[PDB]
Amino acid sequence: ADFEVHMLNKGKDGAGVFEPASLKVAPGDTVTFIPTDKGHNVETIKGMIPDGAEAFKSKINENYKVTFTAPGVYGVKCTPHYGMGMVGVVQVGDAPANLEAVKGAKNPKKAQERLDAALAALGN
């Protein structure tokens, strides 16, 4: 299955948001990160990627597809706007084994607040 995540800032919190900021997918599912507003990208949050998964980083304003295979929770950020809290979570599969590791990862305060909420919005 494919999903879409829009990268927005006009009329939105901070310097921008991912919408949805929390997604539950299956191995092999693809998420397209869409530059609906300009100025954004998507990148792996170091410390919030399962083993078995590669990191990624898109270009600013790139329409960017990521295929998620390894089970677990993935934290993602917008590179320039990470400090301002532009982050999201993608969960691959049920019962993510790396949940405790990712809950303990360090992030800027505004990012951490949104990640904590996003993890709880996946029913974790």
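Just count from 1 along the sequence shown to find any residue number.
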Higher-B stretch (mean Cα B-factor, as the entry records it), 81-89 or 51-59: 51-59
Given 94-102 and 38-46, the range whose Cα B-factors average higher in the PDB entry: 94-102
Lowest, middle or highest third - CA B-factor, residue 66: highest
Position of residue 31 among the chain's modelled residues by C-alpha B-factor, lowest, middle or highest third: middle
Ranked C-alpha temperature factor of residue 1 among modelled chain residues, by third: highest
Modelled-residue ranking by C-alpha temperature factor, third containing residue 9: lowest
